[PDB]
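Please read the structure below before turning to the comments.
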There are 2 protein chains.
Amino acid sequence: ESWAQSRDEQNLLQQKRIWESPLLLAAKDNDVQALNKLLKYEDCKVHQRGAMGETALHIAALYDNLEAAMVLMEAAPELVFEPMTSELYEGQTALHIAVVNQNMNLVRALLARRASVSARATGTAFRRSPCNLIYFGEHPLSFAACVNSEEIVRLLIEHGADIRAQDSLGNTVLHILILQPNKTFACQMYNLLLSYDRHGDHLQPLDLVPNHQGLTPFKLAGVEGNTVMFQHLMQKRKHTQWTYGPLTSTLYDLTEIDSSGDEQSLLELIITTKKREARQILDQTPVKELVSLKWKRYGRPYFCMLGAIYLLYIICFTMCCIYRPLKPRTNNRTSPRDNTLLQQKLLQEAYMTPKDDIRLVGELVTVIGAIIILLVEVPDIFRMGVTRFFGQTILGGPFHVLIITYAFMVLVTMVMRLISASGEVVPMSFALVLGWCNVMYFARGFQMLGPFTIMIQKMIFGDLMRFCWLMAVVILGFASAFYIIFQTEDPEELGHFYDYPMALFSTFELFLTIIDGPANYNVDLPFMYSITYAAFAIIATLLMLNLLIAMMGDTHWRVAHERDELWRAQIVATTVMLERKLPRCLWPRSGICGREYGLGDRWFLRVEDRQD
Amino acid sequence: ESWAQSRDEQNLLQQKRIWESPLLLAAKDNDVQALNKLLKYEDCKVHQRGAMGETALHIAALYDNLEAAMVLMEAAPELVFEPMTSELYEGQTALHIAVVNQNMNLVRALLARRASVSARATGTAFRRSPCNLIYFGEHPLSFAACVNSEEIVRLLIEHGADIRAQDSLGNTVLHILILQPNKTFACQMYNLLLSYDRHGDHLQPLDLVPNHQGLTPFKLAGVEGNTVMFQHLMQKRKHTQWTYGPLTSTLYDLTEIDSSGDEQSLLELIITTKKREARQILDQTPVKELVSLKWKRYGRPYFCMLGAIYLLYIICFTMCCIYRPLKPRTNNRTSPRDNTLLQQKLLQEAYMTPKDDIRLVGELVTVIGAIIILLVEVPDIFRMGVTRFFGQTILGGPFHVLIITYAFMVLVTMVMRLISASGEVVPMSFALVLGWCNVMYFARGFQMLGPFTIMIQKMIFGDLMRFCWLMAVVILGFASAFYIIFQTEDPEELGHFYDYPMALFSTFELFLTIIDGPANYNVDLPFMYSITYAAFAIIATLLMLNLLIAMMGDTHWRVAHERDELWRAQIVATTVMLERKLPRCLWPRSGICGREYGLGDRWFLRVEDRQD
Ligand SMILES: CCCCCCCC/C=C/CCCCCCCC(=O)O[C@@H](COC(=O)CCCCCCCCCCCCCCC)COP(=O)([O-])OCC[N+](C)(C)C
Ligand SMILES: CCCCCCCC/C=C/CCCCCCCC(=O)O[C@@H](COC(=O)CCCCCCCCCCCCCCC)COP(=O)([O-])OCC[N+](C)(C)C
Ligand SMILES: CCCCCCCC/C=C\CCCCCCCC(=O)O[C@@H](COC(=O)CCCCCCCCCCCCCCC)COP(=O)([O-])OCC[N+](C)(C)C
Ligand SMILES: CCCCCCCC/C=C\CCCCCCCC(=O)O[C@@H](COC(=O)CCCCCCCCCCCCCCC)COP(=O)([O-])OCC[N+](C)(C)C
Ligand SMILES: CCCCCCCC/C=C\CCCCCCCC(=O)O[C@@H](COC(=O)CCCCCCCCCCCCCCC)COP(=O)([O-])OCC[N+](C)(C)C
Ligand SMILES: CCCCCCCC/C=C\CCCCCCCC(=O)O[C@@H](COC(=O)CCCCCCCCCCCCCCC)COP(=O)([O-])OCC[N+](C)(C)C
Ligand SMILES: CCCCCCCC/C=C\CCCCCCCC(=O)O[C@@H](COC(=O)CCCCCCCCCCCCCCC)COP(=O)([O-])OCC[N+](C)(C)C
Ligand SMILES: CC(C)CCC[C@@H](C)[C@H]1CC[C@@H]2[C@H]3CC=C4C[C@H](OC(=O)CCC(=O)O)CC[C@]4(C)[C@@H]3CC[C@@]21C
Ligand SMILES: CC(C)CCC[C@@H](C)[C@H]1CC[C@@H]2[C@H]3CC=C4C[C@H](OC(=O)CCC(=O)O)CC[C@]4(C)[C@@H]3CC[C@@]21C
Ligand SMILES: CC(C)CCC[C@@H](C)[C@H]1CC[C@@H]2[C@H]3CC=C4C[C@H](OC(=O)CCC(=O)O)CC[C@]4(C)[C@@H]3CC[C@@]21C
Ligand SMILES: CC(C)CCC[C@@H](C)[C@H]1CC[C@@H]2[C@H]3CC=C4C[C@H](OC(=O)CCC(=O)O)CC[C@]4(C)[C@@H]3CC[C@@]21C
Ligand SMILES: CC(C)CCC[C@@H](C)[C@H]1CC[C@@H]2[C@H]3CC=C4C[C@H](OC(=O)CCC(=O)O)CC[C@]4(C)[C@@H]3CC[C@@]21C
Ligand SMILES: O=c1c(-c2ccc(O)cc2)coc2cc(O)cc(O)c12
Ligand SMILES: [Ca+2]
Ligand SMILES: [Zn+2]
């Protein structure tokens, strides 16, 4: 916005000041004879500051003018130690520019005059940001690795580059290559930089050194969805046991992958990333066999056991609403439109028989069970929802909004029972619907979990809610029309639209065709009704048929074209929740440990397969 | 389960005890220097057993080490006569391991030291099981044939390996090649092992030796759907008569294919197996014209006659239920909600007029026709498939269950008629519905109805069982809400939810939109009715749209491309059933008997075809 306008004016007044200054211009235009005349005129203003604090060496390096960049050196050798001074390109020297532009003959002549290989481009354009378009690090050795130039990397380290150097984000030169868009070229540069880590006394192998978020180069490849570097780093963690003809028993490490409770694991960090490429890591041969192992053995059976206890809680709540205390009414019927026969009992007369004491036991099971919902989930939606992730699990999305809304409605029914307020049917009727609609979500884990089952259910609900916005204006147009047509008529003969909230609810029902069209045949209806309702019935039929076709066309686009899994991240983030809630004695750790088989303290997973 | 927990701990215990013992380690690492050290120290415990009861010679053959394996054999040659004595790898010798690993120079080393080529590896990890990735037999000829090694098969026969050795479930080496995943490589090995059957004095040749289930290799390729080896084994059963340009008159054997009437044939095995590529053999040439021969000539006439006799029998049963004996009621009505006017007559009253004697003939035809159902179908589910194929063949046809359940309901109605019990309308109502829905069975015998009935009848138990559970959750949740909203109201105006079972039935009907939404308009309905029913109608719309989208994917797309294949497989199961039940005087045996043409007592089918 205001900042994007600021970058654009900054680049235009850069080119404006390179044209209105001759030594900046000849460095750009590679006018080698124009340098000799101006520099012999008593070295005029060789300490230039252009738009981005640039000197004339920065211009000559930027446009790959090797012949013009030489003349600046013998004229004043103090320009090779000069950075750019603006906020956007802060700290960038000429050695950074020639490395990114891959100018071989220039970068030797810079090192020939002792250019610092440990400079730090701290500017706002050299920071990881979606507004920035490249993130190449902060060091010249980091710039050489990202543009894929093997010969510069061998040249820079020879002059003393530090491969252990880190950024302001803590990323070393091996963290940055995982962030690069071309994966295959970054895979060759990874093997190169590890070969120069001879260094057996640095107390840490360099591909274990964490950034300021604690992530290793292994975990960062799992978070950023870099599947090419993930499979490359996994051969460091395999161990082939035997090969019996076509069979092979491979043993995987599972130290930085499986959860230990005290530390965030790779399975959790894929979920909170919310990226589309990070879910491809869940398809990989150590991780894919781990998720299906614990969602077959502990994760799924405990999911169905918690849903069976919730079903007994809602049945116990349902019985207390059916047998709610009611007495015949005390006052007389006011209007002839008053249908009410019964009313609620007061608190003193609610409990005076032994059959009410059986109900009182059931009413206390409900309230105690409603507090437990608040005591375990008011932490959860703070932890889960706004901090890490929301709506990408099974039992997920509008489950946690609704079951919190359930337990709120039960405690409202308790208050209205105590102060003997009228209208407890209103918090109960919400709580029956809210409570039983949550049972449909536990029914989602009774499935074999295909790749396009839960996301299609989530999709169809998403299109129906978009259809309800477009049909609200169609109802409001025709309900207002139907209201003023029958506004001069007698509602004893046709009372579908007798006041305006009823006319709105009738037109909603006629749209879905769940009540019949109004007709009497013993009296003359207005003529404007018949042509309006014939227009309404054609519109409502076509809009309901186009809804079905639009759900078919949107189903095809997300199965055949969007090509996103969604089905492994749902069973991961469900299994993470049940593992933090249950104690350790009910949850054995997946894999098998060492010290009785002699491999360490590490929890290995054996995978046996057939090559064919 | 705990089976993989016990299996994975032994593979780590194996690698542990290799790492513990110096003799097992240096043989594993092919460190033959320590092999000479540990033998000249002492003739030690060189008959020690690790995890899976193995020796140092088993390890050296497992990890493909020529040099380490030799040193064990000159030191102590008695290790070659040693099987693994655990339960997982019981019976396996080092000769088995070298063959599977295809270490050809090690095979010469063992056979020069007279390694027994008839050892039977009868372990747990060698049986045919869905938990095993391999089923290679129990013999070294069987192990060599399944890894596609010609030079080892030639080497083992020359050293006296029995080519007709059998597993402990019956299979010879010719059976095992059909059970292999690579069909093309098995065909070359099949031709090779018959080229060593020169020594025929054995009454059954190798391609005519049954296993413990009676199946030959030709029938086993039929059951397993091995269409590659089926066509190759059909070349042995052909007989080409003449070639007249592009024409060819091939004569087929039909001994193991056609129903012999004593043994289960090839047609009977393919129908009674739960496989899909086995059904593809119904399009192979000698079977395809055999099936069309039986149906066009004797199957379709006997099926249309049986469909016409059943149709008249149900019309006779229908008129006996319409004219069932009823008299006016004796007592007076109790409540004004009592709607009953008539009740049943008794046996003394039900047969007094000549119209009752006409009905008595029709009732006896009904009872006799239900006993004949229980005599041709009940001694078919007790001898053949005692309780198993009574449930196993239901995927082929559910109409066995419906016609037996019909035949009981007629006899339940008979017993109640004799003891004058009340409530004959309950067993009749099941019998009328089950009587007329069994007419839909005979729709398969028509080309106009057959393929279209396949698409209509095809319902999916993965999504409709999901729909029935979620429908029941909405109905129990919203009928409970609708019950307590109208619990205080007058039910003579709106009586849809007057007690709780009717509210369950009204909400069921409103979900399917088969009764109108409740409305009076002459009285004030409660406010929570409009909120709940609008929420209910959007949920009921969504669950229908979830059901249509579920019916448009990956199963109905499969049936829409396979309905001609699925209909021609119902023709086979109908024809095979009719050929068993009808006597041999009404069903002539197919093909042409070659007794009067000099061909043996075999029944030949003649097929003329154009190669062009
Ligand atoms: C009847 C009308 C009144 C209701 C109006 C308000 C209702 C909402 C309407 C809002 C406006 C209409 C727009 C459609 C909905 C959002 C768009 C969307 O993405 O759809 C998503 C629906 O949502 C889900 O099923 C997943 C859960 C995430 C969202 C949380 C819902 C809020 C809970 C409160 C809910 C109400 C309970 C409040 C009362 C207690 C799914 O779309 P998708 O992308 O195809 O799915 C792929 C999943 N993926 C994204 C992970 C890849
Ligand atoms: C999430 C997807 C769905 C979208 C949600 C919204 C869906 C729609 C939900 C609607 C909820 C209810 C809204 C109106 C309720 C007022 C009724 C009332 O009190 O009537 C009173 C009158 O006063 C009126 O009639 C005022 C209504 C006129 C304007 C309608 C409001 C526009 C909705 C804003 C949003 C629309 C935009 C949404 C689309 C962009 C009483 O009238 P009476 O008793 O008949 O007597 C009159 C006296 N007389 C006899 C002299 C005549
Ligand atoms: C696993 C799920 C699969 C599905 C299987 C489901 C399982 C089986 C499901 C249901 C069981 C069988 C049906 C129940 C019928 C009750 C008996 C009856 O007919 O009513 C009789 C009495 O009954 C009452 O009055 C009940 C009063 C409220 C009881 C609340 C539950 C108490 C449970 C305690 C804790 C539970 C622990 C739960 C938490 C762990 C007759 O009553 P009335 O004379 O007609 O009316 C007057 C009553 N009034 C005076 C109060 C108004
Ligand atoms: C004691 C507490 C329980 C503890 C149990 C401990 C062990 C539990 C362990 C495992 C439990 C589950 C194992 C069953 C086998 C899996 C098959 C399956 O999932 O069906 C199908 C899903 O369809 C469904 O949605 C559900 C089908 C079953 C009906 C309802 C189940 C019970 C509901 C409540 C009744 C009362 C039960 C609760 C009582 C209150 C499979 O679908 P699909 O074929 O993959 O379709 C893919 C098609 N596509 C590829 C095109 C997309
Ligand atoms: C191919 C498909 C199309 C062709 C289908 C056939 C053609 C169309 C089908 C039917 C024709 C149309 C209706 C029938 C005649 C009209 C009604 C009538 O006159 O009946 C009269 C009574 O008569 C009776 O009581 C009927 C007895 C019922 C059982 C019939 C036994 C048949 C015996 C043969 C066994 C067959 C062996 C089966 C072999 C497997 C009516 O008299 P009423 O005034 O109503 O008084 C009733 C008093 N009562 C209640 C005391 C009785
Ligand atoms: C009393 C006399 C009645 C008739 C006799 C009894 C009927 C028998 C009729 C036919 C025999 C069997 C039919 C299925 C064919 C073989 C499958 C099988 O055997 O297993 C089935 C057992 O079946 C059941 O458990 C009950 C069926 C429930 C149907 C629910 C919807 C229909 C409702 C309509 C009526 C509404 C009721 C409302 C009325 C109040 C289910 O197993 P599966 O799902 O195939 O296995 C899962 C693996 N899969 C996912 C890969 C597929
Ligand atoms: C109803 C009266 C009762 C009388 C009882 C007395 C017993 C005897 C009664 C009939 C004897 C039938 C056997 C002989 C004829 C069959 C063989 C045949 O020729 O094939 C014919 C088809 O078949 C037919 O069109 C005839 C069907 C007869 C009625 C059967 C009703 C089925 C009832 C079940 C309801 C099912 C629906 C269920 C849906 C829910 C046609 O053959 P084609 O292909 O044209 O041949 C090529 C000829 N061409 C070369 C010249 C072209
Ligand atoms: C004034 C009226 C419109 C009441 C307003 C409340 C409704 C807008 C919301 C509240 C929560 C309900 C929901 C309750 C649970 C269901 C199941 C559904 O998830 C499933 O399990 C079905 C599969 C699928 O989503 O397609 C998602 C939302 C739905 C239909 C409901 C959508 C609409 C409801 C009635
Ligand atoms: C599903 C598509 C076709 C429409 C989606 C719009 C709904 C989200 C809204 C707008 C129309 C409905 C409304 C229509 C009018 C009624 C009036 C109602 O108040 C009364 O019933 C008073 C009746 C009287 O005074 O006689 C409150 C909300 C309600 C049920 C509805 C609430 C929600 C609905 C379902
Ligand atoms: C006196 C008794 C009858 C009280 C009711 C039983 C409660 C002790 C339990 C069983 C039903 C509830 C559960 C209902 C559902 C949730 C979700 C949870 O599953 C997940 O964490 C995954 C959610 C997701 O992946 O989106 C399992 C337990 C929890 C919080 C609840 C924990 C405790 C509750 C209140
Ligand atoms: C006294 C007389 C006039 C009554 C006539 C009796 C027939 C109406 C019934 C009695 C027993 C027979 C039935 C008995 C069993 C068979 C197999 C068939 O069983 C199946 O459903 C096959 C299922 C499958 O293959 O998938 C159903 C009807 C049929 C041909 C028969 C149809 C008609 C028959 C001759
Ligand atoms: C359990 C899941 C896997 C499938 C369940 C679906 C159906 C088998 C159920 C759903 C709700 C229905 C029931 C809902 C309530 C009714 C009441 C009915 O009659 C009464 O009890 C009294 C009615 C009256 O008062 O007149 C008996 C069964 C019925 C139709 C239904 C029987 C079967 C239905 C279709
Ligand atoms: O059920 C249908 C049908 C339908 C289904 C089967 C038929 O035989 C006819 C119409 C058409 O459009 C819809 C459109 C919808 O929005 C919702 C629906 O449930 C349907
Ligand atoms: Ca109607
Ligand atoms: Zn497409």
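Just so you know, ligand 1 is whichever comes first in the structure, and atom 1 is the first atom listed for that ligand. So you know, we letter chains A, B, ... as the sequences are listed, proteins then strands, and number each from 1.
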Among all protein heavy atoms, pick the one closest to [atom] and tell me residue, atom and distance.
atom: atom 18 (C) of ligand 5; answer: B:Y323 OH, 3.9 Å
atom: atom 44 (O) of ligand 2; answer: A:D499 CB, 3.7 Å
atom: atom 36 (C) of ligand 5; answer: B:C316 SG, 4.5 Å
atom: atom 37 (C) of ligand 5; answer: B:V365 CG1, 4.1 Å
atom: atom 42 (O) of ligand 5; answer: B:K355 CE, 4.1 Å
atom: atom 1 (C) of ligand 5; answer: B:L312 CD2, 4.1 Å
atom: atom 36 (C) of ligand 2; answer: A:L476 CD1, 3.8 Å
atom: atom 29 (C) of ligand 5; answer: B:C320 SG, 3.8 Å
atom: atom 3 (C) of ligand 5; answer: B:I315 CD1, 4.6 Å
atom: atom 7 (C) of ligand 2; answer: A:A472 CB, 3.9 Å
atom: atom 41 (C) of ligand 2; answer: A:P501 CD, 4.8 Å
atom: atom 28 (C) of ligand 2; answer: A:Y500 CE2, 4.1 Å

Need the ligand 1 atom indices (1-based, order shown) with element for anything under 4.0 Å from a heavy-atom of [X].
X: A:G462; answer: 14 (C), 20 (O)
X: A:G397; answer: 27 (C)
X: A:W469; answer: 11 (C), 12 (C)

Should A:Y483 be counted as touching ligand 2, given the test is an N or O pair under 3.5 Å?
->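 Yes, since at least one N or O of A:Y483 sits under 3.5 Å from an N or O of ligand 2.
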
Counting only heavy atoms not in B:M552, do more than 12 sit closer than 6.0 Å to its CE atom?
->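 Check passes, neighbour count above 12.
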
Check each atom of ligand 2 against the heavy atoms of A:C468 and keep those under 4.0 Å away; list them by number with element.
-> 2 (C), 3 (C)

Centroid-centroid distance, [X] to [Y], less than 6.0 Å:
X: A:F303; Y: A:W295; answer: yes
X: B:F317; Y: B:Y406; answer: yes
X: A:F497; Y: A:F486; answer: yes

State, yes or no, whether a side-chain contact exists between [X] and [Y] at a heavy-atom distance under 4.5 Å.
X: A:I403; Y: A:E377; answer: yes
X: A:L432; Y: A:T318; answer: yes
X: A:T393; Y: A:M384; answer: yes

Take [atom] and look for protein heavy atoms under 4.0 Å from it; say yes if you find one, no if not.
atom: atom 3 (C) of ligand 2; answer: yes
atom: atom 44 (O) of ligand 5; answer: no
atom: atom 21 (C) of ligand 2; answer: no
atom: atom 40 (C) of ligand 5; answer: yes
atom: atom 52 (C) of ligand 2; answer: yes
atom: atom 10 (C) of ligand 1; answer: no
atom: atom 34 (C) of ligand 5; answer: no
atom: atom 31 (C) of ligand 5; answer: yes

Pair [X] + [Y]: basic N to acidic O under 4.0 Å:
X: B:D356; Y: B:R359; value: yes
X: B:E363; Y: B:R417; value: yes
X: A:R279; Y: A:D564; value: yes

Considering only heavy atoms, which of [options] lies nearest to [atom]?
atom: atom 49 (N) of ligand 1; options: A:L402, A:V401, A:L566; value: A:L566
atom: atom 51 (C) of ligand 5; options: B:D357, B:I309, B:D356; value: B:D356
atom: atom 47 (C) of ligand 1; options: A:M459, A:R558, A:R276; value: A:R558

Would you check whether A:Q457 reaches within less than 4.0 Å of ligand 1, judged by its heavy atoms?
-> no

Which of the ligand 5 atoms, numbered from 1, are nearer than 4.0 Å to a heavy atom of [X]:
X: B:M319; value: 10 (C), 28 (C)
X: B:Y313; value: 40 (C)
X: B:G362; value: 31 (C)

